Every structure is written in C-alpha cells, then in structure tokens.
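We've got the same protein chain twice here, in two forms, each standing alone as structure tokens: structure 1 and structure 2.
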Structure 1
C-alpha cells in the first residue's frame, strides 16, 4: 500500500494537507528553468514499487509542462501505478469546438495525460464531456461536503446556482444544509460578459449563498450577485471551487456580495475551504 504524494508547484498547500492527513511526506521535484527557459526537474525520491499520486493543476503553460515532464521523469522508476490528480483541470472550458478550426483543447490534453497514467482525477470539472476523452478512468471528485461543512453554522436562506449546469451541486448542498435552492439561466456573451434570467423567487430580506465551479473574471458571479442584490437580498455569500481571480474579479464581486470563500484547488487569499478530505478518500480507494 506504499504511496508517494508528489506536489507540483501549483498545489503545495493542498498537497501538504493531503500528505499530512495520510501520514506521509510530500515529494517535491528539484526544479529550475534552464537559461533558454526550458523546464528542468528531477525526482531524487525512489518511487520504485509505490502508487504515485501527482498533485498539480493543468491550466497555465508552466503547469502543463511541469505535469508532462513529471510524467516522463517518473518512468525512471518501476512504479506500482501512476495517478494524476489535477485539482483544477485546465482547458475544461474548451471541451468542444464552438467555431470551425478551433482546438478541442481538453480532448488532446486529456489524451496526452491518459497515455502516461493509470488514472486521472479532478475536483468539479467544468463539463463532464471531458471525462470521456480519457482512456483511463477519469474521476470527477466533488467539493460539496467541504462547502457544506464550511457553511454548517452559517445563516443562509437559499443556495443559488448562477447557471443550469450547477443545479445539481446546489440541490445537494442546500439539501445537506436543510435550505432551499434555485438556479439562474446563464448565457455567456464573451470572455468577460454574461447575460442572465433570474427566476421570480422572492429574495427580499433573504441571505443567499451563490455557488459556482470557477471564478475567473468574476463576470458570472458579479452579474448574478448584482441581479439578486437588486431583488432585495440582505446578505450574499459567494463560493466557488476554483478561484482564479483575474482581471479585477474580486472587486466586481464584492461590489454586490459580502464575502468570498473558495477551496484550495487553486491557492489564493480566499482559499478557506479545503478539499483535502475528498481527495484523501479517493486516494485511499485506489491505494
């Protein structure tokens, strides 16, 4: 049952929490950039005979290179298995072609990762279609219980999804909190703009928890937050699994919301909700 938890640069915080829970020490590569900007890494730890769990996100160019080179480096050891855990899975928003001649980015990248591993897992992937681009079992873990635990003793009247894709998540979270829920219809206009239709639910004087998978520009949370505030909401909590927080996102959100709490899949000052338990449960099931 020997396991090694590899912590890539993007995921030191979550990887450390996972390793601690599992009573093991995180393995980090010796790593640097050559002068020409190529990536170097090395695993001095003897990975022979162990189930290997590589923890790293896959959205930035550097994250991808670190994952790919890690997948080569560990071939130097006769490992028992190689299991990719990408807490935030990059390119999950480009899961099909929207115009002729576009890449299906999550397809080619998933095919690559699955060619070099025995399993892949992520937390709350943007669209499940991508899971079906993998030749190995690609598991979609869920932050639901961690979010419930954070809000167990927080006063909330409704849990709200900003889109129809998030209906199941919020039905589950509200169920577990003994609260009501509804979802908003969303249409994305461009990288930074969305349009919404909010159902005729009376939220006057009500405390709301909005939950989504990703916060990038904050356009989605900002729009839902603003429209709900217009409707008289008294307090709005915002949570998302993956907090990227680019392009003045924090300000856009807090213009109409009160607090932001995301998980540690992407490490930021808002990472108050750890998904370590969910990832450990998965690891124990494999190891």
Structure 2
C-alpha cells in the first residue's frame, strides 16, 4: 500500500501511515506565478494500492485532489482509493431552489470517475453516497469519541437539534449513559426550546455532540440555555471542527471545553480517528 498525504490532512495522514508502518507520501507542491497549482509525486507508485488522504472543502483542496488524481495516472497502480476525512459540499446535496447546483453530486461524480473507492468520516447526509458510481463508505468517529469520554464524568449525551440522534444514541449506549435532544424553533421572533425527553439538567454533566461546528450558533445557544438551567459541566464535541467567525469563543462563553477530531486539524483536535481509517484501509487491503 501507498498512503498519499495531502496538505489539508498531514496530521491525520501521518498518524495513519505510522500505524500502518508506511510512508506518508507528500507531494512537492507550489503555485506558479499566475496562481495555478503545481504538484508532483516522484515516488514509484506502480503496482500498489493507493490511498489518497485529503479534505475536499476549500477551492484549493478540490484542486489538490483533482490534480493528484491526474498525477497518479502516470503509474500503473493496482487501485486508487480516496479518503476525504471531511467531505466538502455535503450540505448542498440537493437543489433547494431552482437553478441551484447539487454541488455534492457533481463533485462526487468527478471523484468517482477517477477512483476505485471513496470514503469519508461522518458525512452530512448519506444521500451523497448515492451520487458515487464507486463504493462510497461513511466511516464513523463514534468509537473514538467514546474512547475519549469513557474517562470523563458525563451524565447525559445531548444532541443540539432533533437530527444527529442516531449518533448520540450510539455514543451514549457505548458510554452507558442516557441521552436527550434539544429542539429549537423560532416562532415570531421568539425562540422556543424543548428538551426531549424533558431531562432535569440541574447539577448534571452534559456532553453535547454534533457532526460539524461551523458558525456554532445552535451549539452556543443550547449551551447557554443548559447552563442557565443549572448544568454543572458542559463538554462540546463534534467530528469536524471548522470554527468559522469566532464560533469556538461563542461556544466557550457557556461551555467548559471543546474537543473535536483530527478530520479538520486545529488546537481543539484531541480525538484522533486514525484507527477507524486504518481499519477501513486494511479492509480494502494492501
């Protein structure tokens, strides 16, 4: 096997490569004066099962992925397998207005046409898996989150909305804890919140879990409400910590700690998903 480590995923790809006792192959990469991207993989990849690890969210990450998929065609590889720990554009998985792109469809079609398999960790809406011609696997960070929190005092696991329930149910069960979710709706400029079930959180330690933290509004709001109701500790976790526009600071106004995975690397990346990705890679072989 050969593991290719793209710029966005150096940390996670390195952990994965180290665990599988192999080189994290990085490209030589630069921008030409006109801004066009240059990449080169001088290692001989012929006859190997290739695993390309890189996120697909920023314009530059997309270019890095596409050009890599061209660069590796210089070699007679056994297979080409994309692993995008965070899969960009998964939120645009249908048309919400006439004349909108299904961004996740066209991008997934492109990736599929140049690979033998695709995988990601905790995609937003599994609909997008169906846009791929090749097998598109949705890996889960559940076990990594459990391994971190088994050593934290937690009373309830909480979903900040009435989605992401399956995840919270699984994590809570593996932790041996109960769980609940928060339903937040706006009704004529006034916000109404309900806990389901209506758990008394006074003096309780709560673990809030979501797939993505981007702007952090919902989590920040729910955290404040919970603190207001007497929660003694609030831990916030998410798989993908994008942290746009001061969201970590908004959340930390009322939550005690934030812990995310290394799918998107930041100072809050304390939970590694390297094992889950390694199990997947071993399955595909090489």
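Positions refer to the first chain, counted from 1. By rigid core we mean the largest C-alpha set that fits within 1.5 Å across both forms. Only residues modelled in both forms are compared.
When the two forms are overlaid on the rigid core, CA displacement between structures 1 and 2 of 2 Å or more is confined, within 149, 78, 188, 135, to 188. After superposition on the rigid core, displacement of the C-alpha of residue 103 between structures 1 and 2 stays below 2 Å.
Core-superposed comparison between structures 1 and 2: the C-alpha position of residue 177 differs by less than 2 Å. Once the cores line up, the CA of residue 167 ends up less than 2 angstroms apart between structures 1 and 2. If you overlay the core, the Cα of residue 230 moves by 2.4 Å between structures 1 and 2.
Relative to the superposed rigid core, residue 255 shifts its CA by 0.9 Å between structures 1 and 2. Taking the core as fixed, the parts between structures 1 and 2 where three or more residues in a row have CA shifts of 2 Å or more are 163 to 165, 184 to 200.
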